[PDB]
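Remarks on the structure that follows.
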Amino acid sequence: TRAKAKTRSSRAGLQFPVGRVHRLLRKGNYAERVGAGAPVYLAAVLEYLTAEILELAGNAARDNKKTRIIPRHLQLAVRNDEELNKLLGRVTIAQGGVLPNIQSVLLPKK
Amino acid sequence: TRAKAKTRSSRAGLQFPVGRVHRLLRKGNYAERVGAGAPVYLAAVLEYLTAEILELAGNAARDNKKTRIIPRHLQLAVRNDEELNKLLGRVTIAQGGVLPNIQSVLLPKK
Amino acid sequence: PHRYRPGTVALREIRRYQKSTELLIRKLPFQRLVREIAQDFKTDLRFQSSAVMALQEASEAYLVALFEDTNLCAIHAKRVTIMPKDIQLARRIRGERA
Amino acid sequence: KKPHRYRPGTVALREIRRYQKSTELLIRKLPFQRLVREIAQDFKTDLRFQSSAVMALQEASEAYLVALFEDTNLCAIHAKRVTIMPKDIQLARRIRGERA
Amino acid sequence: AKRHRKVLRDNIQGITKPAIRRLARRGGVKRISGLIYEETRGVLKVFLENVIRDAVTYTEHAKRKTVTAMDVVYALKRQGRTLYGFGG
Amino acid sequence: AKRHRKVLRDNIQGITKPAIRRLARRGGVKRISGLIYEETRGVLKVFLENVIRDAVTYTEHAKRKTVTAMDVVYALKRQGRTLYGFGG
Amino acid sequence: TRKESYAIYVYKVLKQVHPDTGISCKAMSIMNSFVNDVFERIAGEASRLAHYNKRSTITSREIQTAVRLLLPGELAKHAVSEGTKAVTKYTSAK
Amino acid sequence: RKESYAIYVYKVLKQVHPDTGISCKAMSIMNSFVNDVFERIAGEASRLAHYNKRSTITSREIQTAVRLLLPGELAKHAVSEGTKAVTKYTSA
Amino acid sequence: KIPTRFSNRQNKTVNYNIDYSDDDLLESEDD
């Protein structure tokens, strides 16, 4: 009997792989030892950040009448969010473009 | 019958400690293994950079008619040499001040 | 003869190119420029296509951000035309120049 | 009520040439300690401070403000002015990426 | 009403007008407008709370109530402002 | 004189004036002076030499002759200009 | 050649948050780069936090402090929550 | 027992300026500079070893980190310094 | 006395004397 080999992601209620995160922390030259709850916490944080970008990117795809997320939707979701624009403020997204922004001086005066 | 022990710095003709640099590389969580010539090379590079800044700061102390290097002399030496200025561009030296310069439009007349 | 006033075509191009996402520099001139710059460091350099594309995307990102700060410099100087001194001021404040 | 008043601007040039030579802190120590403690009690209560921690904060804050004033002066010179304004600070922080 | 509160709220006003003038003189500024000082106080407050929050996070990681100079050095280092003269 | 040099040196002129105008239109620029294009070519060249020099260093460490995209990502990340979408 | 990636996990998180929305390959490359970059940032900050405190191990406290240091504002505040109960649920199982 | 770099910086100073002293704050700044350059070069060499699937850090990784971080003539002069130090250390 | 170490880097000489004289400002100071 070996209890059917339940994974750590299902034990933690996550979708990101806890075992792969543990192996990357152990082989990544970060410390001599890695605690048990550290890959669980890191996988949960990575899963939350992935869900936070993907929800806004799906909203951006829905607002542009699309059923498929492209890099433009990811760029719009990242740059339109205030706190995601500080986490990825020095990061270039390929094929993402820019936010549509025109300064009010350059607008014609009526 | 052990031989007469000599330091690795004297073997490499350096003043910076090769053994201390090797111990800091081994315990610094940089790689699984550290090569033999890597602490020699890194101690030589650190000694050269120390020599460059100390010579420029000694020249700065001599030009200000002083016999001891203060943080102002180190700041003047670093900021007046453009390669050392862009090596330490995001570096603040405490009690160093700034380079004395005034923009030409703020001068009174010819 | 139908004509447009100077500026509305510029606003139309600003609205057009801020909506699009493709690269605004042609492929072969940028590849030739990359190879000319690279042959001054190491002779006989091969290049992957994705390396040239990544270099391109970095180049348009850097130039678009630089032109945004250049436009801010030009607007701050009570102008609507960008000048080389606006680029110099943007690179000076950003820290790339001095 | 004495004669020989100085022209407006040469005194400011004298203080520019004086304070760019010296290296001491230009902010008094006790108001900076009070400001640091007032800011720090929002994040956590019952906070003790080493004196060297406050000195490091003062060195970093003064260096940051001096560099920002240099960028602000470049902004004001670029706008054909010699007086710095809050829009110059805003443009310098926007180009630096703090407001971006 | 001689009694009042022990706490003080205008500690940002302790960064006085001549202190900001001296900091601008070190920056090479010849003429200063009157609205500069409130903007400078706000900028200094924003920078100070950004550094102090990270230093306090470094302090509570070590299970301490005392903000050491090394925590301030690490907090300044993480945001890209390396400070010498206190790390040794 | 039909014969000439096989190599071309004016590849900085391949970054044409309409291309720089399109870049400024994406940046939101309404009016462009005539001296903008030479300055833009210069700053693009300086940026490209920096990134290409770091990528060639990353290539030469691996004892390779080709420059992969992953070396370009490494060179951009070392300059604080991280690029997503080419691996890593 | 077995090349590992975060593709299936990002896809199933996407099916959680948007069950009728697809995704392109370039967007998956960008998502993989984002996850790798954030993992590298948090792991490096936790490694530095363990080194400054003279500790030889990385625990969930180091990851929590690294998340508080790196993630700006409210993005930290939920994520510190989102990690913690997961660790608690792991404590309920292993 | 503070584990500093002060004596080696002092010997280097007496090499370049035999009649010039140094204050304690300047010595602390120099120690911080040496520690900063050490951790920059060691981190870049660690990243270079991880990028090439190598478990070891050699003088090649340190050389590549020096050519990556140091600019201009500083890079090539530090490469020449470290190369002749490695050559002297190997032969003897 | 004489140093045993020099620099092979081809730097220009830099005047590090930061002492200033206000003698060019005496037009609006005493004169």
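Chain lettering (A, B, ...) mirrors the order of the structure tokens, residue numbering begins at 1 for each chain separately, and ligand numbering begins at 1 in order of display.
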Using only C-alpha atoms, which protein or nucleic acid residues come within 10 Å of residue 25 (chain D)? Drop anything in the same chain fewer than 2 positions from it, and give the result as a PDB file with N, CA, C and O atoms, in the first residue's frame.
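What landed in result-v1.pdb:
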```pdb
ATOM      1  N   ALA B  94      28.398  58.252   0.358  1.00  0.00           N
ATOM      2  CA  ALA B  94      28.030  59.091   1.489  1.00  0.00           C
ATOM      3  C   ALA B  94      29.147  60.070   1.820  1.00  0.00           C
ATOM      4  O   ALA B  94      30.331  59.729   1.740  1.00  0.00           O
ATOM      5  N   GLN B  95      28.745  61.292   2.201  1.00  0.00           N
ATOM      6  CA  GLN B  95      29.639  62.421   2.491  1.00  0.00           C
ATOM      7  C   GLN B  95      30.559  62.730   1.311  1.00  0.00           C
ATOM      8  O   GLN B  95      31.734  63.059   1.485  1.00  0.00           O
ATOM      9  N   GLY B  97      29.226  64.587  -1.690  1.00  0.00           N
ATOM     10  CA  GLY B  97      28.837  65.790  -2.399  1.00  0.00           C
ATOM     11  C   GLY B  97      28.605  65.528  -3.877  1.00  0.00           C
ATOM     12  O   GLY B  97      28.258  64.420  -4.295  1.00  0.00           O
TER      13      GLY B  97
ATOM     14  N   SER D  22      31.092  72.082  -0.599  1.00  0.00           N
ATOM     15  CA  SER D  22      30.967  71.419   0.686  1.00  0.00           C
ATOM     16  C   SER D  22      30.199  70.107   0.548  1.00  0.00           C
ATOM     17  O   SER D  22      29.513  69.861  -0.445  1.00  0.00           O
ATOM     18  N   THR D  23      30.326  69.254   1.568  1.00  0.00           N
ATOM     19  CA  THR D  23      29.740  67.917   1.541  1.00  0.00           C
ATOM     20  C   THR D  23      28.826  67.619   2.723  1.00  0.00           C
ATOM     21  O   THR D  23      28.364  66.480   2.849  1.00  0.00           O
ATOM     22  N   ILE D  27      20.091  69.381   5.567  1.00  0.00           N
ATOM     23  CA  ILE D  27      18.858  69.299   6.338  1.00  0.00           C
ATOM     24  C   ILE D  27      19.239  69.054   7.790  1.00  0.00           C
ATOM     25  O   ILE D  27      20.150  68.266   8.071  1.00  0.00           O
ATOM     26  N   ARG D  28      18.578  69.762   8.705  1.00  0.00           N
ATOM     27  CA  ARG D  28      18.812  69.580  10.131  1.00  0.00           C
ATOM     28  C   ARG D  28      18.403  68.179  10.576  1.00  0.00           C
ATOM     29  O   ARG D  28      17.466  67.581  10.043  1.00  0.00           O
ATOM     30  N   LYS D  29      19.136  67.655  11.561  1.00  0.00           N
ATOM     31  CA  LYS D  29      19.040  66.241  11.911  1.00  0.00           C
ATOM     32  C   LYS D  29      17.737  65.918  12.635  1.00  0.00           C
ATOM     33  O   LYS D  29      17.074  64.926  12.314  1.00  0.00           O
ATOM     34  N   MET D  55      20.900  58.287   9.550  1.00  0.00           N
ATOM     35  CA  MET D  55      21.940  58.964   8.779  1.00  0.00           C
ATOM     36  C   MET D  55      22.014  58.445   7.347  1.00  0.00           C
ATOM     37  O   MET D  55      22.209  59.229   6.410  1.00  0.00           O
ATOM     38  N   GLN D  58      19.102  59.923   5.549  1.00  0.00           N
ATOM     39  CA  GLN D  58      19.337  61.331   5.240  1.00  0.00           C
ATOM     40  C   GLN D  58      20.294  61.500   4.067  1.00  0.00           C
ATOM     41  O   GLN D  58      20.069  62.361   3.207  1.00  0.00           O
ATOM     42  N   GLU D  59      21.356  60.686   4.017  1.00  0.00           N
ATOM     43  CA  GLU D  59      22.290  60.723   2.892  1.00  0.00           C
ATOM     44  C   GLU D  59      21.596  60.374   1.582  1.00  0.00           C
ATOM     45  O   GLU D  59      21.755  61.077   0.573  1.00  0.00           O
ATOM     46  N   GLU D  62      18.997  63.197   0.608  1.00  0.00           N
ATOM     47  CA  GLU D  62      19.648  64.399   0.107  1.00  0.00           C
ATOM     48  C   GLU D  62      20.240  64.177  -1.277  1.00  0.00           C
ATOM     49  O   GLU D  62      20.148  65.060  -2.138  1.00  0.00           O
ATOM     50  N   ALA D  63      20.830  62.999  -1.519  1.00  0.00           N
ATOM     51  CA  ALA D  63      21.356  62.693  -2.848  1.00  0.00           C
ATOM     52  C   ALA D  63      20.245  62.612  -3.889  1.00  0.00           C
ATOM     53  O   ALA D  63      20.400  63.118  -5.011  1.00  0.00           O
TER      54      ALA D  63
ATOM     55  N   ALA E  19      16.183  74.870   3.751  1.00  0.00           N
ATOM     56  CA  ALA E  19      16.781  73.562   3.495  1.00  0.00           C
ATOM     57  C   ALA E  19      16.560  73.126   2.051  1.00  0.00           C
ATOM     58  O   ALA E  19      17.480  72.609   1.404  1.00  0.00           O
ATOM     59  N   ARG E  22      18.840  75.240  -0.043  1.00  0.00           N
ATOM     60  CA  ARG E  22      20.207  74.723  -0.020  1.00  0.00           C
ATOM     61  C   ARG E  22      20.353  73.485  -0.894  1.00  0.00           C
ATOM     62  O   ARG E  22      21.368  73.324  -1.588  1.00  0.00           O
ATOM     63  N   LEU E  23      19.357  72.595  -0.863  1.00  0.00           N
ATOM     64  CA  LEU E  23      19.381  71.412  -1.718  1.00  0.00           C
ATOM     65  C   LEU E  23      19.297  71.778  -3.192  1.00  0.00           C
ATOM     66  O   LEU E  23      19.875  71.082  -4.035  1.00  0.00           O
TER      67      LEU E  23
END
```
As a PyMOL selection string, please: the residues near region 9-18 of chain I (cut-off 10 Å, only C-alpha atoms, same-chain neighbours under 6 positions excluded). (chain B and resi 52+56-57+59-65+73+76-77+80-82+99-100) or (chain D and resi 17+20-22) or (chain H and resi 73-74+76-77)
Saved selection, atoms kept: C-alpha atoms, as an mmCIF file, in the first residue's frame:
```cif
data_model
loop_
_atom_site.group_PDB
_atom_site.id
_atom_site.type_symbol
_atom_site.label_atom_id
_atom_site.label_comp_id
_atom_site.auth_asym_id
_atom_site.auth_seq_id
_atom_site.Cartn_x
_atom_site.Cartn_y
_atom_site.Cartn_z
ATOM 1 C CA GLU B 52 42.563 52.506 -10.193
ATOM 2 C CA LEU B 56 42.714 58.580 -8.787
ATOM 3 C CA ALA B 57 41.612 59.407 -5.227
ATOM 4 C CA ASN B 59 45.627 62.337 -7.074
ATOM 5 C CA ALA B 60 42.428 64.083 -5.953
ATOM 6 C CA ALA B 61 43.755 64.360 -2.393
ATOM 7 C CA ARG B 62 47.083 65.704 -3.671
ATOM 8 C CA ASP B 63 45.352 68.341 -5.811
ATOM 9 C CA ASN B 64 43.378 69.512 -2.753
ATOM 10 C CA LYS B 65 46.584 69.728 -0.635
ATOM 11 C CA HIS B 73 38.213 62.617 -2.889
ATOM 12 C CA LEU B 76 35.662 63.377 -7.217
ATOM 13 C CA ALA B 77 37.822 60.536 -8.556
ATOM 14 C CA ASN B 80 35.605 62.680 -12.985
ATOM 15 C CA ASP B 81 36.455 59.363 -14.704
ATOM 16 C CA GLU B 82 33.682 58.424 -17.117
ATOM 17 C CA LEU B 99 30.792 67.666 -8.963
ATOM 18 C CA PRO B 100 31.046 71.480 -8.926
ATOM 19 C CA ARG D 17 29.501 77.744 -5.783
ATOM 20 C CA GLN D 20 28.678 72.478 -4.452
ATOM 21 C CA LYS D 21 32.100 72.570 -2.760
ATOM 22 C CA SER D 22 30.967 71.419 0.686
ATOM 23 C CA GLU H 73 39.362 50.169 -21.263
ATOM 24 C CA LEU H 74 38.520 49.000 -17.728
ATOM 25 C CA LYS H 76 40.311 44.933 -21.326
ATOM 26 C CA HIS H 77 42.808 46.060 -18.682
#
```
Identify all chain G residues at most 12 Å from chain B by counting only C-alpha atoms; ligands do not count. Present them as a ChimeraX atom specification. /G:44,47-48,50-52,54-57
Those residues with C-alpha atoms, as an mmCIF file, in the first residue's frame please?
```cif
data_model
loop_
_atom_site.group_PDB
_atom_site.id
_atom_site.type_symbol
_atom_site.label_atom_id
_atom_site.label_comp_id
_atom_site.auth_asym_id
_atom_site.auth_seq_id
_atom_site.Cartn_x
_atom_site.Cartn_y
_atom_site.Cartn_z
ATOM 1 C CA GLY G 44 16.505 35.578 -5.852
ATOM 2 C CA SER G 47 17.936 33.774 -1.458
ATOM 3 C CA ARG G 48 19.220 37.243 -0.550
ATOM 4 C CA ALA G 50 18.220 34.001 3.680
ATOM 5 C CA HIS G 51 21.795 35.183 3.102
ATOM 6 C CA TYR G 52 21.369 38.442 5.036
ATOM 7 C CA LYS G 54 22.680 33.976 8.066
ATOM 8 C CA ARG G 55 20.159 31.209 7.348
ATOM 9 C CA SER G 56 20.954 28.181 5.203
ATOM 10 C CA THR G 57 17.341 27.370 4.275
#
```
Return the neighbours of chain D among the residues of chain B, cut-off 9 Å, counting only C-alpha atoms, as a PyMOL selection string. chain B and resi 72+92-103+105-108
Give the superposed chain F as a CSV table (one decimal) with N, CA and C atoms, in the first residue's frame, the fit being least squares on chain E over all ordered C-alpha pairs.
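Result file is part.csv:
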```csv
chain,number,residue,atom,x,y,z
F,1,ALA,N,-7.1,76.4,27.3
F,1,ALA,CA,-6.9,75.1,26.8
F,1,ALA,C,-5.4,74.9,26.7
F,2,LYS,N,-4.7,74.6,27.8
F,2,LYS,CA,-3.3,74.4,27.8
F,2,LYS,C,-2.9,73.0,27.3
F,3,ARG,N,-3.8,72.0,27.5
F,3,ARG,CA,-3.5,70.7,27.1
F,3,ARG,C,-3.8,70.5,25.6
F,4,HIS,N,-3.0,69.7,25.0
F,4,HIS,CA,-3.1,69.4,23.5
F,4,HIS,C,-2.6,68.0,23.2
F,5,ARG,N,-2.4,67.7,22.0
F,5,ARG,CA,-1.9,66.4,21.5
F,5,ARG,C,-0.4,66.3,21.8
F,6,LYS,N,0.0,65.1,22.3
F,6,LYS,CA,1.5,64.9,22.5
F,6,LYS,C,2.2,64.7,21.2
F,7,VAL,N,1.6,64.0,20.2
F,7,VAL,CA,2.2,63.7,19.0
F,7,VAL,C,2.1,64.9,18.0
F,8,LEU,N,3.1,65.0,17.1
F,8,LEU,CA,3.2,66.0,16.2
F,8,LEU,C,3.0,65.5,14.8
F,9,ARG,N,2.2,66.1,13.9
F,9,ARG,CA,1.9,65.7,12.6
F,9,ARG,C,2.6,66.5,11.5
F,10,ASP,N,3.0,67.7,11.8
F,10,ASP,CA,3.6,68.6,10.8
F,10,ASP,C,5.1,68.5,10.8
F,11,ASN,N,5.6,67.3,10.8
F,11,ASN,CA,7.1,67.1,10.6
F,11,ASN,C,7.6,67.2,9.2
F,12,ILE,N,6.6,67.2,8.2
F,12,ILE,CA,7.0,67.5,6.9
F,12,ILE,C,7.3,69.0,6.7
F,13,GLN,N,6.8,69.9,7.6
F,13,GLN,CA,7.1,71.3,7.7
F,13,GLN,C,8.5,71.5,8.3
F,14,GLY,N,9.0,70.5,9.0
F,14,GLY,CA,10.4,70.6,9.5
F,14,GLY,C,11.4,70.6,8.5
F,15,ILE,N,11.1,70.1,7.3
F,15,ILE,CA,12.0,70.3,6.1
F,15,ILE,C,11.7,71.7,5.6
F,16,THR,N,12.5,72.7,6.1
F,16,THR,CA,12.1,74.1,5.9
F,16,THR,C,12.4,74.5,4.5
F,17,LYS,N,11.9,75.7,4.1
F,17,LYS,CA,12.2,76.4,2.9
F,17,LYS,C,13.7,76.7,2.7
F,18,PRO,N,14.4,77.2,3.7
F,18,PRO,CA,15.9,77.3,3.5
F,18,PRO,C,16.6,76.0,3.2
F,19,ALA,N,16.1,74.9,3.8
F,19,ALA,CA,16.8,73.6,3.5
F,19,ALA,C,16.5,73.2,2.1
F,20,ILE,N,15.3,73.3,1.6
F,20,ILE,CA,15.0,73.0,0.2
F,20,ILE,C,15.8,74.0,-0.8
F,21,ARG,N,16.0,75.2,-0.3
F,21,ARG,CA,16.8,76.2,-1.1
F,21,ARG,C,18.3,75.7,-1.1
F,22,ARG,N,18.8,75.2,0.0
F,22,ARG,CA,20.2,74.7,0.0
F,22,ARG,C,20.3,73.5,-0.9
F,23,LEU,N,19.3,72.6,-0.9
F,23,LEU,CA,19.4,71.5,-1.8
F,23,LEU,C,19.3,71.9,-3.2
F,24,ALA,N,18.6,72.9,-3.6
F,24,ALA,CA,18.5,73.4,-4.9
F,24,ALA,C,19.8,74.1,-5.3
F,25,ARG,N,20.5,74.8,-4.3
F,25,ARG,CA,21.8,75.4,-4.6
F,25,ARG,C,22.8,74.4,-4.8
F,26,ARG,N,22.8,73.2,-4.1
F,26,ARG,CA,23.7,72.1,-4.4
F,26,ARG,C,23.4,71.5,-5.7
F,27,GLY,N,22.1,71.5,-6.1
F,27,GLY,CA,21.7,71.1,-7.5
F,27,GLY,C,22.0,72.0,-8.6
F,28,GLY,N,22.4,73.3,-8.2
F,28,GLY,CA,22.8,74.3,-9.2
F,28,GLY,C,21.6,75.1,-9.7
F,29,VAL,N,20.6,75.3,-8.9
F,29,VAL,CA,19.4,76.1,-9.2
F,29,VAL,C,19.6,77.5,-8.8
F,30,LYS,N,19.4,78.5,-9.7
F,30,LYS,CA,19.6,79.9,-9.5
F,30,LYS,C,18.3,80.5,-8.9
F,31,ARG,N,17.2,80.3,-9.5
F,31,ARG,CA,15.9,80.9,-9.1
F,31,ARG,C,14.9,79.8,-8.8
F,32,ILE,N,14.1,80.0,-7.7
F,32,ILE,CA,13.2,79.0,-7.2
F,32,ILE,C,11.8,79.6,-7.1
F,33,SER,N,10.8,79.0,-7.6
F,33,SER,CA,9.5,79.5,-7.5
F,33,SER,C,8.9,79.2,-6.1
F,34,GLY,N,7.8,79.8,-5.7
F,34,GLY,CA,7.3,79.7,-4.4
F,34,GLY,C,6.5,78.4,-4.2
F,35,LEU,N,6.1,77.7,-5.2
F,35,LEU,CA,5.4,76.5,-5.1
F,35,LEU,C,6.3,75.3,-5.2
F,36,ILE,N,7.6,75.5,-5.2
F,36,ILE,CA,8.6,74.4,-5.3
F,36,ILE,C,8.6,73.6,-4.0
F,37,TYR,N,8.4,74.3,-2.9
F,37,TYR,CA,8.7,73.7,-1.6
F,37,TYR,C,7.7,72.6,-1.2
F,38,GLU,N,6.4,72.8,-1.6
F,38,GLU,CA,5.3,71.8,-1.3
F,38,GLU,C,5.5,70.6,-2.2
F,39,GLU,N,5.9,70.8,-3.5
F,39,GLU,CA,6.2,69.7,-4.4
F,39,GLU,C,7.4,68.9,-3.9
F,40,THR,N,8.5,69.6,-3.4
F,40,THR,CA,9.7,68.9,-2.9
F,40,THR,C,9.4,68.1,-1.6
F,41,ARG,N,8.5,68.7,-0.8
F,41,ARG,CA,8.1,68.0,0.4
F,41,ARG,C,7.3,66.7,0.1
F,42,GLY,N,6.4,66.8,-1.0
F,42,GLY,CA,5.7,65.6,-1.4
F,42,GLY,C,6.6,64.5,-2.0
F,43,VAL,N,7.5,64.9,-2.8
F,43,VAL,CA,8.4,63.9,-3.5
F,43,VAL,C,9.3,63.3,-2.4
F,44,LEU,N,9.8,64.1,-1.5
F,44,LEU,CA,10.6,63.6,-0.4
F,44,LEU,C,9.8,62.6,0.5
F,45,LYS,N,8.5,62.9,0.7
F,45,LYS,CA,7.7,62.0,1.5
F,45,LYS,C,7.5,60.7,0.8
F,46,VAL,N,7.2,60.8,-0.5
F,46,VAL,CA,7.0,59.5,-1.3
F,46,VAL,C,8.2,58.6,-1.3
F,47,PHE,N,9.4,59.3,-1.5
F,47,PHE,CA,10.6,58.5,-1.5
F,47,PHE,C,10.9,57.9,-0.1
F,48,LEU,N,10.6,58.7,0.9
F,48,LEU,CA,10.8,58.2,2.3
F,48,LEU,C,9.9,57.1,2.7
F,49,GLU,N,8.6,57.1,2.3
F,49,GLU,CA,7.7,56.0,2.5
F,49,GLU,C,8.1,54.7,1.8
F,50,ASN,N,8.6,54.9,0.5
F,50,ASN,CA,9.1,53.7,-0.2
F,50,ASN,C,10.3,53.0,0.5
F,51,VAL,N,11.3,53.8,0.8
F,51,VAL,CA,12.5,53.3,1.4
F,51,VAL,C,12.2,52.8,2.8
F,52,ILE,N,11.4,53.5,3.6
F,52,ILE,CA,11.1,53.1,5.0
F,52,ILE,C,10.2,51.9,5.0
F,53,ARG,N,9.3,51.7,4.1
F,53,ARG,CA,8.5,50.5,4.0
F,53,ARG,C,9.3,49.3,3.7
F,54,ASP,N,10.2,49.4,2.7
F,54,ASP,CA,11.1,48.3,2.4
F,54,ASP,C,12.0,47.9,3.6
F,55,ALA,N,12.5,49.0,4.3
F,55,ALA,CA,13.4,48.7,5.5
F,55,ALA,C,12.6,48.1,6.6
F,56,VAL,N,11.4,48.5,6.8
F,56,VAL,CA,10.5,47.9,7.8
F,56,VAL,C,10.2,46.5,7.5
F,57,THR,N,10.0,46.1,6.2
F,57,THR,CA,9.9,44.8,5.8
F,57,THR,C,11.1,43.9,6.1
F,58,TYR,N,12.3,44.5,5.8
F,58,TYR,CA,13.5,43.8,6.1
F,58,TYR,C,13.7,43.6,7.7
F,59,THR,N,13.3,44.6,8.4
F,59,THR,CA,13.3,44.5,9.9
F,59,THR,C,12.4,43.4,10.4
F,60,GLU,N,11.2,43.4,9.9
F,60,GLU,CA,10.1,42.5,10.4
F,60,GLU,C,10.5,41.0,10.0
F,61,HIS,N,11.2,40.8,8.9
F,61,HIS,CA,11.6,39.5,8.6
F,61,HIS,C,12.6,38.9,9.6
F,62,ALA,N,13.5,39.8,10.2
F,62,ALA,CA,14.5,39.4,11.2
F,62,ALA,C,13.9,39.3,12.6
F,63,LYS,N,12.6,39.5,12.8
F,63,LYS,CA,11.9,39.5,14.1
F,63,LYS,C,12.5,40.5,15.0
F,64,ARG,N,12.8,41.7,14.5
F,64,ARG,CA,13.4,42.8,15.3
F,64,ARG,C,12.4,43.9,15.4
F,65,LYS,N,12.6,44.8,16.4
F,65,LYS,CA,11.8,46.0,16.5
F,65,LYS,C,12.6,47.2,16.2
F,66,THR,N,13.9,47.2,16.2
F,66,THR,CA,14.7,48.3,15.8
F,66,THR,C,15.0,48.2,14.3
F,67,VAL,N,15.3,49.4,13.7
F,67,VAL,CA,15.6,49.4,12.3
F,67,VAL,C,17.1,49.8,12.2
F,68,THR,N,17.9,48.9,11.8
F,68,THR,CA,19.3,49.1,11.7
F,68,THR,C,19.7,49.8,10.4
F,69,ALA,N,20.9,50.3,10.3
F,69,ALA,CA,21.4,50.9,9.0
F,69,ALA,C,21.5,49.9,7.9
F,70,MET,N,21.8,48.7,8.3
F,70,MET,CA,22.0,47.7,7.2
F,70,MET,C,20.7,47.3,6.5
F,71,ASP,N,19.6,47.4,7.2
F,71,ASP,CA,18.3,47.2,6.6
F,71,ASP,C,18.0,48.4,5.7
F,72,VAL,N,18.4,49.6,6.0
F,72,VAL,CA,18.3,50.7,5.1
F,72,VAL,C,19.1,50.6,3.9
F,73,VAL,N,20.3,50.1,4.0
F,73,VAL,CA,21.2,49.8,2.9
F,73,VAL,C,20.6,48.7,2.0
F,74,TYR,N,20.0,47.7,2.6
F,74,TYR,CA,19.2,46.7,1.8
F,74,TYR,C,18.0,47.2,1.1
F,75,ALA,N,17.3,48.1,1.7
F,75,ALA,CA,16.1,48.7,1.1
F,75,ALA,C,16.5,49.6,0.0
F,76,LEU,N,17.6,50.4,0.1
F,76,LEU,CA,18.0,51.2,-0.9
F,76,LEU,C,18.6,50.5,-2.1
F,77,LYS,N,19.3,49.4,-1.8
F,77,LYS,CA,19.9,48.6,-2.9
F,77,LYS,C,18.8,47.8,-3.7
F,78,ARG,N,17.7,47.4,-3.0
F,78,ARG,CA,16.6,46.8,-3.7
F,78,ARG,C,15.9,47.7,-4.6
F,79,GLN,N,16.0,49.0,-4.4
F,79,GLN,CA,15.4,50.0,-5.3
F,79,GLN,C,16.4,50.6,-6.3
F,80,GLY,N,17.5,49.9,-6.4
F,80,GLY,CA,18.6,50.4,-7.3
F,80,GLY,C,19.2,51.7,-7.0
F,81,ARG,N,19.4,52.0,-5.7
F,81,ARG,CA,19.9,53.2,-5.2
F,81,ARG,C,21.0,52.9,-4.1
F,82,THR,N,22.0,52.1,-4.5
F,82,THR,CA,23.0,51.6,-3.7
F,82,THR,C,23.8,52.7,-3.0
F,83,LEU,N,24.0,52.6,-1.7
F,83,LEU,CA,24.7,53.6,-0.9
F,83,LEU,C,25.9,53.0,-0.2
F,84,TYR,N,27.0,53.7,-0.4
F,84,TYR,CA,28.3,53.3,0.2
F,84,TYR,C,28.6,54.1,1.4
F,85,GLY,N,29.2,53.4,2.4
F,85,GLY,CA,29.6,54.1,3.6
F,85,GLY,C,28.9,53.7,4.9
F,86,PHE,N,28.0,52.7,4.9
F,86,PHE,CA,27.3,52.3,6.1
F,86,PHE,C,27.3,50.8,6.2
F,87,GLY,N,28.4,50.1,5.8
F,87,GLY,CA,28.6,48.7,5.8
F,87,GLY,C,28.1,48.0,4.6
F,88,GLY,N,28.6,46.8,4.4
F,88,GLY,CA,28.3,46.0,3.2
F,88,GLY,C,29.3,46.0,2.1
```
Mind giving me the straight-line distance from CA of residue 81 (chain H) to CA of residue 43 (chain B) in Å, one decimal?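 Calculated distance between CA of residue 81 (chain H) and CA of residue 43 (chain B) is 9.9 Å.
Within 9 Å of chain F, chain H contributes the residues residues 44, 48, 52, 60, 61, 64, 67 and 68 of chain H, using only C-alpha atoms.
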Using DSSP on the backbone, list every residue of chain F that comes out as alpha helix (DSSP H), and give them as number ranges by chain. F: 17-26, 36-61, 69-78
Just to confirm, what's the straight-line distance from CA of residue 15 (chain A) to CA of residue 74 (chain A) in Å (one decimal)?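 It comes out at 20.9 Å.
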Considering only strand (DSSP E) as DSSP defines it on the backbone, what residues of chain A qualify? List them as a PyMOL selection string. chain A and resi 33-34+68-69+91-93
